[PDB]
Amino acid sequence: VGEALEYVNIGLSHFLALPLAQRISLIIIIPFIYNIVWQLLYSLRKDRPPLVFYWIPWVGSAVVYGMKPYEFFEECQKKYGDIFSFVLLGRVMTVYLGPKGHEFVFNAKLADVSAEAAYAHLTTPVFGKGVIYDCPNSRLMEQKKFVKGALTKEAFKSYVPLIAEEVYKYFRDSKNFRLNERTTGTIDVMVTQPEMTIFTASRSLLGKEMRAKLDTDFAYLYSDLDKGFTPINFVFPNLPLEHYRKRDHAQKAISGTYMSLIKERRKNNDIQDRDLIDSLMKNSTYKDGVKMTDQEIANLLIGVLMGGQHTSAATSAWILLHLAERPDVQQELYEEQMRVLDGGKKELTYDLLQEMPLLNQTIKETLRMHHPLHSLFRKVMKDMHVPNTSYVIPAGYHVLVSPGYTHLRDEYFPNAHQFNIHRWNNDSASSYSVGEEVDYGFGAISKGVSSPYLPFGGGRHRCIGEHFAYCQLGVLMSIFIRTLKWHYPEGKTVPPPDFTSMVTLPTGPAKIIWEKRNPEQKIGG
């Protein structure tokens, strides 16, 4: 019976001929049926880690992952252990939880994975081109060296009074404070902290000129650039809407202002050591001998400040929120402040910051309970074997590492969900290499990445801003502590994190009430 083949033919014709009702209905029910079958087949393969089950094709587990990612990882971990996959808006994520997860993704060979491949679609439109994830990795490595060159301890001794000047200036003039006119008030930390962060960062990393442009309408351009830095730009990076354009406008606009200042500096020889602009001018020639274009330098500046803006500001928000219900921790930090700065007589210096271990433990502890990035990604370039398993992660897959999840595990942190800065007694450093090191182009960093506290990651893509963040957060918190007490409004406590955004920032409005420690103190100027 090719008479049966006559009928696949006939049947095919009747399919194309039935009402639109059933056809759309079939255009739905066929993919739904197919993927459900496909998964059951997949669950038989054992060169593949267990795939989380999902009903909606393409979308996969994006809803629950997007909303409560650590909760997703946990029930996932109970069911399948530390390695498992799940489908996310078209892509396939293989999650490896714990320190071996860190090792498998952060220390992965350059050939196995790509961060550029994972991130460029989201970062390049915001930062500019020619830099970060819009160049070969080797270039990235040299840029990180260029930037890290302006992040030296002597830069930090110069940044500390600039940053303090800013915080004080903010207490003086900001509508949310007015310390020379108010002794008490309410602020939204989600409003205060991003302004405080951009002011301090701008002033210290981009110099006084660029800090000054933030008082004008120009500031709004940073705010535009800011909203194009969203996970939506990670799925649909370019659809003709409209926040997508103001972003691009802002990119050239902001990048324009930097080149303007850069070109005028080389043209007057105004190239001192003031900021990162001076520094990137004096030092941005690759080792093959190519030099960064003035455009490229500017774009590297947008990227630095943008990255540093969101992590830092979220973190100082959390510090305020956790402290707001711990007058005991405030009392303790204040005593240290009095001891190290001789009641206040001594002026804050980068050196003196290092003698404030409790202040540094608070940043350490907050960064433990609140990692700004719940998920780091790579695209898999070559089929990877997972040690001590038969598992193969084929190329074209994505790997996902999550040190912020381990941070919150009792196993590695007794009472992980309690805020306790004393868990870091005689252990206050931003991080430290528990042994041997390795150098990827931007200096010797730890070779192992099996530390269960890994706030800044590791491997070639490891953060180079930890000492800047601590410096800024250090000055900022030091001053808050000496100037203010603060607490929650009645019946208000720590907000749950909003995971859907770029950084795990708190769910606003997150309000605290400040009062002056010295009502009659006046900030001068």
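One-based numbering along the sequence shown. Just so we're on the same page, rigid core means the largest C-alpha set that superposes within 1.5 Å between forms.
More variable segment, 178-186 or 223-231 [Cα RMS over structures in 4 other deposited structures of this protein, core-superposed]: Farther on average in 4 other deposited structures of this protein: 223-231.
RMS Cα shift after core superposition in 4 other deposited structures of this protein, winner of 304-312 and 240-248: Checking 304-312 against 240-248 in 4 other deposited structures of this protein, I find the farther stretch is 240-248.
Of 192-200 and 429-437, the one with larger mean CA B-factor: Comparing 429-437 with 192-200, the higher average CA B-factor belongs to 429-437.
Average Cα temperature factor in the PDB entry - higher stretch of 37-45, 467-475: Between 37-45 and 467-475, it is 37-45 that shows the higher mean C-alpha B-factor.
Residue selected from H374, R245, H310, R423 by maximal Cα B factor: Most elevated C-alpha B-factor of the set, per the entry: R245.
Residue with highest C-alpha B-factor in the PDB entry, from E411, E166, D270, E335: Max CA B-factor in the entry, restricted to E411, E166, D270, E335: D270.
Chain thirds of CA B-factor: placement of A510: As the PDB entry reports it, the C-alpha B-factor of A510 lands in the middle third of its chain.
Chain-wide C-alpha B factor ranking for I254, given as lowest, middle or highest third: For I254, the deposited C-alpha B-factor lands in the middle third.
Where the record places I187 (Cα B-factor, split into thirds across the chain): Its C-alpha B-factor belongs to the lowest third of this chain's values.
Among modelled residues of the same chain, the CA temperature factor third for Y70: Within its chain, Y70 is a middle-third residue by C-alpha B-factor, going by the deposited values.
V113 - which third its CA temperature factor falls in, relative to the rest of the chain: Within its chain, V113 is a middle-third residue by C-alpha B-factor, going by the deposited values.
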